[PDB]
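*Asks:* Before I ask anything, let me first share the structure, which is written out below as structure tokens.
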Number of protein chains: 2
Amino acid sequence: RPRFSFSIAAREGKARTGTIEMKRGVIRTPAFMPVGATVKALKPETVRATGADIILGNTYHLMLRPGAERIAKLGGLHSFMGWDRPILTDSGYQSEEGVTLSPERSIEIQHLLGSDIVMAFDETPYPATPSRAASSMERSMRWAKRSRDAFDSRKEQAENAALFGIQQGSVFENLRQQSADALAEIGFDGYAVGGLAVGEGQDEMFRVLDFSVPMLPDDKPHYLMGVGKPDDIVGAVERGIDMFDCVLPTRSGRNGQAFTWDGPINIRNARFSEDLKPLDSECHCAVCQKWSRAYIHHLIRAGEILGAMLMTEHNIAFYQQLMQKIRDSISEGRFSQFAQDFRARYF
Amino acid sequence: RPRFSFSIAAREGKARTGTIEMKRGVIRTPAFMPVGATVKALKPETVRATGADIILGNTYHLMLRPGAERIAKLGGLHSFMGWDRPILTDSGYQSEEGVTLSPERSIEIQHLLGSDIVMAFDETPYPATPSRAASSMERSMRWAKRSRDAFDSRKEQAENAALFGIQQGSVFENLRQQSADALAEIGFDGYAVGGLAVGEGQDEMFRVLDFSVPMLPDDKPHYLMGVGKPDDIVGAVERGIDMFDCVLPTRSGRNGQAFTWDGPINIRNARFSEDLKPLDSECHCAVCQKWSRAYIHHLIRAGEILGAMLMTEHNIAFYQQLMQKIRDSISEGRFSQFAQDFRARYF
Ligand SMILES: [Zn+2]
Ligand SMILES: [Zn+2]
């Protein structure tokens with residue numbers, strides 16, 4: 001495989017479906033990346049069986065424990081945790097130099113972990129005034145150039161990994177445009193939309209995506225960081241987003257929240273205590289094949305680890321099934337119909 | 001298969017190896033029964049993959065949550081938890097009537113759960129005076145007859161399950177003999193040695209097994225309740241024990257203790273932080289195939305659920321491998337050699 005190739009196979013409006021090819025494997029887009037040096041309560045083989053093509057790791061947590069250098073001594077993150085496919089690492093979400101973490105150190109840590117997709121080191125709270133959002137965006141663009149240069153100066157990294165830049169600008173169209181321009185001038189393998197899902201609400205997030213995603217190079221992947229709920233994902237794909245990561249399915253799962261095509265349910269609710277149905281009626285996951293709502297209700301009420309395991313496997317599988325229906329519906333020119341049907345039933 | 005058939009295929013001194021056949025499957029003896037309505041941190045398929053033929057469930061915990069009647073409404077324990085092979089249930093470890101639980105209720109609960117091997121309801125703290133141990137043993141034998149009659153009066157249970165009686169008597173040879181006599185006069189499908197592993201220490205436990213196990217019918221299985229460490233198991237098999245249950249491998253596992261052929265290790269110890277070796281050098285389990293001491297050290301230090309999962313899978317697999325080496329060495333007439341070699345290396 002090449003270091004990085006993104007190809008778009010089908011479109012419908014702003015939505016796209018395709019593939020990213022990398023040395024460690026192929027990523028089907030739109031993609032959901034489960035968040036990890038573990039996807040909580042799941043073996044990597046289980047994560048793969050749900051359909052994930054790539055997972056996310058964190059520069060912040062891993063650098064603290066067990067340490068980036070230690071992981072590199074041990075053979076890198078893939079070998080450490082037993083996941084042999086692509087890994088995307090966030091950059092580590094104050095001075096011009098960095099945070100006491102700088103762009104250079106961030107890129108180095110991601111190298112030491114052996115990340116396949118490296119994120120530029122970026123700085124913007126919500127709400128923000130125009131002045132503050134601009135100051136922050138500009139710093140982020142200076143740090144984006146430092147990230148680019150640090151990555152390129154490390155031959156092994158530049159030859160085997162990819163680098164994504166992150167658009168800032170808060171909710172302001174002019175700053176988003178400046179930011180997109182800056183990032184394209186530097187040039188990256190993909191472009192994230194940063195600075196959303198930080199308290200603005202779906203309506204506002206969608207409004208900003210509406211003008212922001214078209215500013216980015218059309219021929220490169222578009223990653224919406226930290227999103228989100230199933231309906232956030234569907235709307236964001238309608239606006240041109242190709243990649244997602246979020247802790248909801250894992251975290252939610254351990255707290256009793258199961259995703260279903262008829263909306264989320266809280267399995268701890270006494271109404272499930274004698275419910276022999278699977279979590280979701282249509283889900284093809286191993287959990288829905290084998291165990292009832294009643295059993296999983298019991299496990300979660302009892303604080304049993306197997307409850308966390310089963311809830312998490314189901315939720316990540318649900319999310320992968322969602323992404324597959326999105327991909328197929330775009331490939332078949334019926335994604336707008338799918339999005340409408342999905343929302344009518346989910347809500 | 002028959003309701004219950006125990007056949008001995010080979011012997012060496014007091015040690016025996018063979019099979020129990022039941023409707024839900026065959027049990028290889030000497031057997032280790034992992035303790036559960038879940039074996040903590042493991043899917044039942046994982047439990048089976050380690051080599052377990054039977055697991056234990058509890059009348060006490062299940063009757064409290066989620067309730068015996070609820071589990072029967074839901075189709076019984078096997079269907080509830082997704083384990084289709086035999087399950088042994090303890091009886092629920094004060095008046096002549098029972099505990100505020102009586103023999104009759106205990107047997108009924110085990111029926112409602114759908115237990116394959118039902119334990120008689122029994123009462124003896126350590127240390128105990130001869131007078132108190134005798135009083136307690138005698139009550140237990142009256143309760144053993146009540147258990148027998150309750151089981152036999154329920155046709156479905158008597159036709160499809162087995163009933164084991166439990167020997168008491170503390171550390172006193174004469175009371176153990178009276179107890180064995182009483183139980184044989186009533187007649188059971190198997191015989192447990194109760195009242196050990198309650199604080200007496202290995203030397204004393206072995207001394208009591210030395211005279212107590214020969215008192216029991218030779219042609220029926222002998223179950224040592226709540227034992228134990230790998231060396232306890234080996235010594236107890238040398239004294240005629242066929243069946244074991246213990247929470248050590250599961251509980252220990254979650255606390256960082258891994259069993260190995262060179263003795264237990266605590267994986268949280270900083271010495272393992274960069275150790276790329278598997279938990280045990282010879283172990284054939286999936287955990288030792290795939291992950292390092294270093295990774296598992298990190299997970300347990302970090303309190304990650306996957307740490308508990310992997311430690312537990314390894315430890316239960318270790319125990320099953322131990323039981324297989326015992327079975328094979330008895331079948332080959334070299335168990336005394338095995339026991340000596342095991343101890344020399346383990347210690
Ligand atoms: Zn499911
Ligand atoms: Zn192992």
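Identifiers in this document derive from the order of the structure tokens: chains are assigned A, B, ..., residues are numbered from 1 separately in each chain, and ligands are numbered from 1 in order of occurrence.
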Give one line per residue of chain B that approaches chain A to at most 10 Å, naming the two atoms of the closest pair and their distance in Å to one decimal, counting only C-alpha atoms; sort by chain then ascending residue number and deliver it as a Markdown table.
*Replies:*
```
| residue | atom | partner | partner_atom | distance |
| --- | --- | --- | --- | --- |
| B:37 | CA | A:299 | CA | 8.2 |
| B:38 | CA | A:306 | CA | 7.4 |
| B:39 | CA | A:306 | CA | 8.5 |
| B:40 | CA | A:305 | CA | 6.5 |
| B:41 | CA | A:306 | CA | 5.1 |
| B:42 | CA | A:306 | CA | 6.4 |
| B:43 | CA | A:306 | CA | 7.1 |
| B:65 | CA | A:298 | CA | 7.9 |
| B:66 | CA | A:298 | CA | 6.6 |
| B:70 | CA | A:274 | CA | 7.5 |
| B:71 | CA | A:274 | CA | 8.8 |
| B:73 | CA | A:274 | CA | 8.1 |
| B:74 | CA | A:274 | CA | 6.8 |
| B:75 | CA | A:276 | CA | 9.5 |
| B:79 | CA | A:291 | CA | 8.6 |
| B:80 | CA | A:295 | CA | 6.1 |
| B:81 | CA | A:295 | CA | 6.9 |
| B:82 | CA | A:291 | CA | 7.0 |
| B:273 | CA | A:66 | CA | 8.6 |
| B:274 | CA | A:74 | CA | 6.8 |
| B:275 | CA | A:74 | CA | 8.5 |
| B:276 | CA | A:74 | CA | 7.2 |
| B:290 | CA | A:82 | CA | 7.0 |
| B:291 | CA | A:82 | CA | 7.0 |
| B:292 | CA | A:80 | CA | 7.5 |
| B:294 | CA | A:80 | CA | 8.2 |
| B:295 | CA | A:80 | CA | 6.1 |
| B:296 | CA | A:81 | CA | 9.4 |
| B:297 | CA | A:66 | CA | 9.7 |
| B:298 | CA | A:66 | CA | 6.6 |
| B:299 | CA | A:37 | CA | 8.2 |
| B:301 | CA | A:65 | CA | 9.4 |
| B:302 | CA | A:65 | CA | 8.2 |
| B:304 | CA | A:40 | CA | 7.0 |
| B:305 | CA | A:41 | CA | 5.2 |
| B:306 | CA | A:41 | CA | 5.1 |
| B:307 | CA | A:41 | CA | 8.7 |
| B:308 | CA | A:305 | CA | 8.5 |
| B:309 | CA | A:41 | CA | 7.9 |
| B:310 | CA | A:43 | CA | 8.9 |
```
*Asks:* Emit the selected residues as a short mmCIF file (atom, residue, chain, number, x, y, z; two decimals), in the first residue's frame, including N, CA and C atoms.
*Replies:*
```
data_model
loop_
_atom_site.label_atom_id
_atom_site.label_comp_id
_atom_site.auth_asym_id
_atom_site.auth_seq_id
_atom_site.Cartn_x
_atom_site.Cartn_y
_atom_site.Cartn_z
N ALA B 37 -24.19 -14.12 38.24
CA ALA B 37 -24.35 -15.03 37.10
C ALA B 37 -23.37 -14.69 35.98
N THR B 38 -22.10 -14.61 36.37
CA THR B 38 -21.00 -14.36 35.46
C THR B 38 -19.70 -14.83 36.08
N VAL B 39 -18.82 -15.40 35.27
CA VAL B 39 -17.43 -15.63 35.72
C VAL B 39 -16.75 -14.30 35.49
N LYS B 40 -16.31 -13.60 36.52
CA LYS B 40 -16.08 -12.16 36.43
C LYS B 40 -15.06 -11.85 35.35
N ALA B 41 -15.43 -10.92 34.48
CA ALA B 41 -14.64 -10.41 33.38
C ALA B 41 -14.45 -11.36 32.22
N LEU B 42 -15.22 -12.44 32.15
CA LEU B 42 -15.13 -13.36 31.03
C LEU B 42 -16.47 -13.71 30.39
N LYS B 43 -16.53 -13.70 29.06
CA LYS B 43 -17.66 -14.29 28.35
C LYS B 43 -17.62 -15.81 28.55
N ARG B 65 -30.00 -11.27 44.06
CA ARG B 65 -30.08 -10.51 42.81
C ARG B 65 -29.54 -11.34 41.65
N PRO B 66 -30.33 -11.57 40.61
CA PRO B 66 -31.62 -10.93 40.37
C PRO B 66 -32.86 -11.60 40.93
N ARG B 70 -37.16 -14.91 39.20
CA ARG B 70 -36.98 -14.10 37.99
C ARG B 70 -36.13 -14.87 36.99
N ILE B 71 -35.05 -15.48 37.48
CA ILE B 71 -34.22 -16.27 36.56
C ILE B 71 -35.02 -17.42 35.99
N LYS B 73 -38.22 -17.46 35.41
CA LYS B 73 -39.14 -16.87 34.44
C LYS B 73 -38.44 -16.58 33.12
N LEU B 74 -37.16 -16.24 33.24
CA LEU B 74 -36.35 -15.91 32.07
C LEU B 74 -35.73 -17.13 31.41
N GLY B 75 -35.95 -18.34 31.93
CA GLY B 75 -35.54 -19.51 31.21
C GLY B 75 -34.44 -20.31 31.87
N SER B 79 -29.56 -20.37 30.21
CA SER B 79 -30.00 -19.46 29.14
C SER B 79 -29.72 -18.02 29.48
N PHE B 80 -29.90 -17.60 30.71
CA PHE B 80 -29.66 -16.24 31.18
C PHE B 80 -28.24 -15.80 30.89
N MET B 81 -27.27 -16.62 31.34
CA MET B 81 -25.87 -16.22 31.25
C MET B 81 -25.16 -16.74 30.03
N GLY B 82 -25.78 -17.62 29.27
CA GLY B 82 -25.16 -18.07 28.04
C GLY B 82 -24.14 -19.17 28.19
N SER B 273 7.61 -3.62 34.20
CA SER B 273 7.14 -2.51 33.40
C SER B 273 7.69 -2.54 31.97
N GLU B 274 8.83 -3.20 31.73
CA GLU B 274 9.40 -3.29 30.38
C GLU B 274 9.69 -4.72 29.98
N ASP B 275 8.99 -5.66 30.63
CA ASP B 275 9.16 -7.10 30.41
C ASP B 275 8.31 -7.57 29.24
N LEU B 276 8.94 -7.88 28.11
CA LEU B 276 8.17 -8.29 26.94
C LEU B 276 7.72 -9.73 26.91
N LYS B 290 -0.45 -13.45 22.88
CA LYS B 290 -0.62 -12.14 22.26
C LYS B 290 -0.07 -10.94 23.02
N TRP B 291 -0.06 -10.91 24.35
CA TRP B 291 0.30 -9.69 25.08
C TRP B 291 1.45 -9.90 26.04
N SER B 292 2.19 -8.84 26.31
CA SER B 292 3.31 -8.91 27.24
C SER B 292 2.96 -8.58 28.69
N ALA B 294 4.56 -6.41 30.26
CA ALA B 294 4.61 -4.97 30.28
C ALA B 294 3.28 -4.33 30.01
N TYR B 295 2.56 -4.82 29.00
CA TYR B 295 1.25 -4.26 28.67
C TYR B 295 0.26 -4.50 29.80
N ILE B 296 0.28 -5.74 30.33
CA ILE B 296 -0.70 -6.12 31.35
C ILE B 296 -0.39 -5.35 32.63
N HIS B 297 0.89 -5.18 32.91
CA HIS B 297 1.33 -4.31 34.01
C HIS B 297 0.75 -2.91 33.89
N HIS B 298 0.88 -2.31 32.71
CA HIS B 298 0.30 -1.01 32.43
C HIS B 298 -1.21 -0.98 32.65
N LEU B 299 -1.93 -1.93 32.06
CA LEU B 299 -3.39 -1.97 32.22
C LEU B 299 -3.82 -2.07 33.68
N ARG B 301 -2.04 -1.32 36.44
CA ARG B 301 -1.68 -0.07 37.12
C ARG B 301 -2.66 1.05 36.82
N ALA B 302 -3.12 1.06 35.58
CA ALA B 302 -4.07 2.09 35.15
C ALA B 302 -5.52 1.80 35.53
N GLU B 304 -7.48 -0.42 34.18
CA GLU B 304 -8.27 -0.67 32.97
C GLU B 304 -8.95 -2.03 33.05
N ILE B 305 -10.20 -2.01 32.57
CA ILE B 305 -10.96 -3.27 32.55
C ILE B 305 -10.29 -4.37 31.77
N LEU B 306 -9.63 -4.05 30.66
CA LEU B 306 -8.95 -5.08 29.87
C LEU B 306 -7.85 -5.78 30.68
N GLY B 307 -7.25 -5.07 31.65
CA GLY B 307 -6.30 -5.71 32.55
C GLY B 307 -6.95 -6.85 33.31
N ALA B 308 -8.11 -6.60 33.89
CA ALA B 308 -8.86 -7.62 34.62
C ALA B 308 -9.22 -8.77 33.69
N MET B 309 -9.70 -8.45 32.49
CA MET B 309 -10.04 -9.47 31.52
C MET B 309 -8.89 -10.40 31.21
N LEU B 310 -7.73 -9.83 30.90
CA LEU B 310 -6.59 -10.63 30.48
C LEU B 310 -5.99 -11.42 31.64
#
```
*Asks:* Can you list, as a PyMOL selection string, all residues belonging to region 34-276 of chain B that DSSP tags as strand (DSSP E or B)?
*Replies:* chain B and resi 35+55-58+87-90+117-119+162-167+190-193+222-224+243-245+257-258+265-266
*Asks:* Could those selected residues go to a file with N, CA, C and O atoms, as a short mmCIF file (atom, residue, chain, number, x, y, z; two decimals), in the first residue's frame?
*Replies:*
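Okay, selection_0.cif is ready:
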```cif
data_model
loop_
_atom_site.label_atom_id
_atom_site.label_comp_id
_atom_site.auth_asym_id
_atom_site.auth_seq_id
_atom_site.Cartn_x
_atom_site.Cartn_y
_atom_site.Cartn_z
N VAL B 35 -15.62 -20.03 39.35
CA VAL B 35 -16.76 -19.52 40.10
C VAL B 35 -17.41 -18.33 39.44
O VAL B 35 -16.75 -17.36 39.06
N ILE B 55 -19.05 -24.87 35.54
CA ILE B 55 -18.81 -23.70 36.38
C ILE B 55 -19.68 -23.74 37.62
O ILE B 55 -20.66 -24.49 37.69
N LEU B 56 -19.33 -22.91 38.60
CA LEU B 56 -20.18 -22.88 39.81
C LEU B 56 -21.00 -21.61 39.83
O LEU B 56 -20.53 -20.52 39.50
N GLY B 57 -22.26 -21.69 40.26
CA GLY B 57 -23.08 -20.52 40.54
C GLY B 57 -23.44 -20.49 42.02
O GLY B 57 -23.23 -21.49 42.71
N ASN B 58 -23.98 -19.41 42.59
CA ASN B 58 -24.28 -19.38 44.03
C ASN B 58 -25.76 -19.24 44.37
O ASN B 58 -26.42 -18.40 43.77
N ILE B 87 -23.71 -26.75 35.38
CA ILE B 87 -23.51 -25.77 36.45
C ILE B 87 -23.73 -26.46 37.78
O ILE B 87 -24.73 -27.15 37.92
N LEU B 88 -22.79 -26.26 38.68
CA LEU B 88 -22.94 -26.70 40.06
C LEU B 88 -23.35 -25.48 40.89
O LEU B 88 -22.72 -24.46 40.71
N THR B 89 -24.37 -25.60 41.73
CA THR B 89 -24.70 -24.48 42.60
C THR B 89 -24.45 -24.80 44.07
O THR B 89 -24.82 -25.87 44.57
N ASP B 90 -23.78 -23.89 44.78
CA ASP B 90 -23.64 -24.11 46.23
C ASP B 90 -25.00 -23.77 46.83
O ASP B 90 -25.86 -23.15 46.19
N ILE B 117 -25.81 -29.77 39.15
CA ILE B 117 -25.34 -30.40 40.39
C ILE B 117 -25.76 -29.50 41.56
O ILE B 117 -25.35 -28.37 41.70
N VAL B 118 -26.66 -30.02 42.38
CA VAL B 118 -27.30 -29.40 43.52
C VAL B 118 -26.55 -29.82 44.77
O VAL B 118 -26.28 -31.00 44.99
N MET B 119 -26.22 -28.85 45.61
CA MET B 119 -25.57 -29.14 46.87
C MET B 119 -26.62 -29.14 47.99
O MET B 119 -27.49 -28.27 48.04
N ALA B 162 -28.33 -33.80 39.65
CA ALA B 162 -27.67 -34.66 40.63
C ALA B 162 -27.60 -33.94 41.98
O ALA B 162 -27.66 -32.70 42.01
N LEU B 163 -27.51 -34.68 43.07
CA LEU B 163 -27.44 -34.13 44.41
C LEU B 163 -26.18 -34.60 45.15
O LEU B 163 -25.92 -35.82 45.22
N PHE B 164 -25.43 -33.65 45.67
CA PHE B 164 -24.23 -33.99 46.42
C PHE B 164 -24.46 -33.69 47.90
O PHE B 164 -25.02 -32.64 48.23
N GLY B 165 -24.00 -34.56 48.78
CA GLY B 165 -24.02 -34.31 50.21
C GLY B 165 -22.67 -33.76 50.67
O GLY B 165 -21.67 -33.93 49.98
N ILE B 166 -22.63 -33.09 51.83
CA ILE B 166 -21.42 -32.42 52.30
C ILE B 166 -21.03 -32.92 53.68
O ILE B 166 -21.79 -32.82 54.66
N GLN B 167 -19.85 -33.50 53.77
CA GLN B 167 -19.29 -33.97 55.04
C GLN B 167 -18.83 -32.79 55.86
O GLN B 167 -18.12 -31.89 55.42
N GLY B 190 -22.73 -37.68 44.78
CA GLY B 190 -21.36 -37.31 45.06
C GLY B 190 -21.26 -36.74 46.46
O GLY B 190 -22.28 -36.48 47.11
N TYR B 191 -20.04 -36.58 46.93
CA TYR B 191 -19.78 -36.24 48.33
C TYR B 191 -18.74 -35.15 48.40
O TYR B 191 -17.60 -35.30 47.94
N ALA B 192 -19.12 -34.05 49.00
CA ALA B 192 -18.17 -32.98 49.25
C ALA B 192 -17.54 -33.11 50.62
O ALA B 192 -18.14 -33.60 51.58
N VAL B 193 -16.31 -32.63 50.70
CA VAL B 193 -15.68 -32.43 52.00
C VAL B 193 -15.89 -30.97 52.35
O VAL B 193 -15.26 -30.11 51.73
N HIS B 222 -15.62 -36.95 44.77
CA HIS B 222 -15.25 -36.27 46.00
C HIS B 222 -14.92 -34.82 45.71
O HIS B 222 -13.97 -34.56 44.95
N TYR B 223 -15.66 -33.89 46.29
CA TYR B 223 -15.51 -32.47 45.96
C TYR B 223 -14.95 -31.72 47.17
O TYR B 223 -15.58 -31.74 48.22
N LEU B 224 -13.82 -31.04 47.01
CA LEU B 224 -13.29 -30.22 48.10
C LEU B 224 -13.71 -28.78 47.89
O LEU B 224 -13.25 -28.08 46.98
N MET B 243 -12.86 -32.94 42.54
CA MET B 243 -13.48 -31.69 42.11
C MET B 243 -13.12 -30.55 43.06
O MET B 243 -13.03 -30.73 44.26
N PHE B 244 -12.92 -29.40 42.45
CA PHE B 244 -12.50 -28.18 43.12
C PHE B 244 -13.24 -26.95 42.63
O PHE B 244 -13.54 -26.87 41.44
N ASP B 245 -13.46 -25.98 43.51
CA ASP B 245 -13.88 -24.66 43.10
C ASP B 245 -13.14 -23.63 43.95
O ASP B 245 -12.86 -23.90 45.12
N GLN B 257 -2.46 -10.58 40.56
CA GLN B 257 -1.70 -11.81 40.79
C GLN B 257 -1.92 -12.80 39.63
O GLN B 257 -3.07 -13.16 39.40
N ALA B 258 -0.85 -13.14 38.95
CA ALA B 258 -0.84 -14.11 37.88
C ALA B 258 -0.19 -15.40 38.34
O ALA B 258 0.90 -15.39 38.90
N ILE B 265 3.14 -14.42 40.44
CA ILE B 265 3.81 -13.12 40.36
C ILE B 265 2.83 -11.98 40.53
O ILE B 265 1.63 -12.12 40.26
N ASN B 266 3.24 -10.79 41.01
CA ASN B 266 2.30 -9.69 41.07
C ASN B 266 2.66 -8.74 39.92
O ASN B 266 3.73 -8.11 40.01
#
```
*Asks:* Excluding region 8-15 of chain B and its own-chain neighbours fewer than 4 positions away, which residues fall within 12 Å of it when counting only C-alpha atoms? Please give them as JSON, numbers by chain.
*Replies:* {"B": [19, 20, 21, 27, 28, 29, 30, 209, 210, 211, 213, 214, 218, 219, 220, 221, 222, 233, 234, 235, 236, 237, 238, 239, 240, 241, 242, 243, 326, 327, 328, 329, 330, 331, 332, 333, 334, 335, 336, 337, 338, 339]}
*Asks:* Taking into account only C-alpha atoms and all ligand atoms, which residue in the set A:269, A:5, A:179, A:50 is nearest to ligand 1?
*Replies:* A:50
*Asks:* Tell me, which residues of region 71-308 of chain A carry DSSP helix (DSSP H, G or I), written as number ranges by chain?
*Replies:* A: 71-73, 77-81, 103-113, 130-152, 155-160, 173-186, 202-215, 230-238, 248-254, 270-272, 286-290, 293-301, 305-308
*Asks:* Using only C-alpha atoms and all ligand atoms, what table do you get, as a tab-separated table, when you list each residue of chain B with an atom no more than 7 Å from ligand 2, its nearest pair of atoms, and their distance in Å rounded to one decimal, rows by chain then rising number?
*Replies:*
```
residue	atom	partner	partner_atom_place_in_ligand_line	distance
B:279	CA	ligand 2	1 (Zn)	6.0
B:280	CA	ligand 2	1 (Zn)	5.9
B:283	CA	ligand 2	1 (Zn)	4.5
B:284	CA	ligand 2	1 (Zn)	5.8
B:285	CA	ligand 2	1 (Zn)	4.2
B:286	CA	ligand 2	1 (Zn)	6.5
B:287	CA	ligand 2	1 (Zn)	5.2
B:288	CA	ligand 2	1 (Zn)	4.2
B:314	CA	ligand 2	1 (Zn)	4.2
B:315	CA	ligand 2	1 (Zn)	6.9
B:317	CA	ligand 2	1 (Zn)	6.4
B:318	CA	ligand 2	1 (Zn)	6.3
```
*Asks:* At what distance in Å, to one decimal, does CA of residue 311 (chain A) lie from CA of residue 251 (chain A)?
*Replies:*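 Pair CA of residue 251 (chain A) / CA of residue 311 (chain A) returns 9.7 Å.
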*Asks:* Hey, can you check how far CA of residue 69 (chain A) sits from CA of residue 142 (chain A)?
*Replies:*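 If I compute the distance from CA of residue 69 (chain A) to CA of residue 142 (chain A), I get 26.6 Å.
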*Asks:* Return the single residue from A:250, A:340, A:110, A:95 that is closest to residue 157 (chain A), with distances computed using only C-alpha atoms.
*Replies:*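 Checking each candidate against residue 157 (chain A), we get A:110 as the closest.
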*Asks:* Let me make sure I understand: among A:281, A:106, A:17, A:178, which one has the smallest atom-to-atom distance to ligand 1 if we use only C-alpha atoms and all ligand atoms?
*Replies:*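 The shortest atom-to-atom distance to ligand 1 comes from A:281.
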*Asks:* Using only C-alpha atoms for the distances, tell me which of A:197, A:26, A:31, A:141 is nearest to residue 324 (chain A).
*Replies:*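 The shortest atom-to-atom distance to residue 324 (chain A) comes from A:31.
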*Asks:* Give the answer as one residue: which of B:101, B:196, B:316, B:216 has the shortest atom-to-atom distance to residue 248 (chain B), using only C-alpha atoms?
*Replies:*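 Residue with the minimum atom-to-atom distance to residue 248 (chain B): B:316.
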*Asks:* With only C-alpha atoms and all ligand atoms as the atoms that count, which of A:272, A:342, A:261, A:206 lies nearest to ligand 1?
*Replies:*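 Counting only C-alpha atoms and all ligand atoms, the residue closest to ligand 1 is A:261.
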*Asks:* Kindly give the distance, in Å, that separates CA of residue 187 (chain A) and CA of residue 144 (chain A), rounded to a single decimal.
*Replies:*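 A separation of 9.8 Å between them.
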*Asks:* Please provide the set of residues having any atom within 12 Å of residue 154 (chain A), restricted to only C-alpha atoms, with same-chain residues fewer than 3 positions apart removed, written as a PyMOL selection string.
*Replies:* chain A and resi 104+107-108+110-112+147-151+157-161
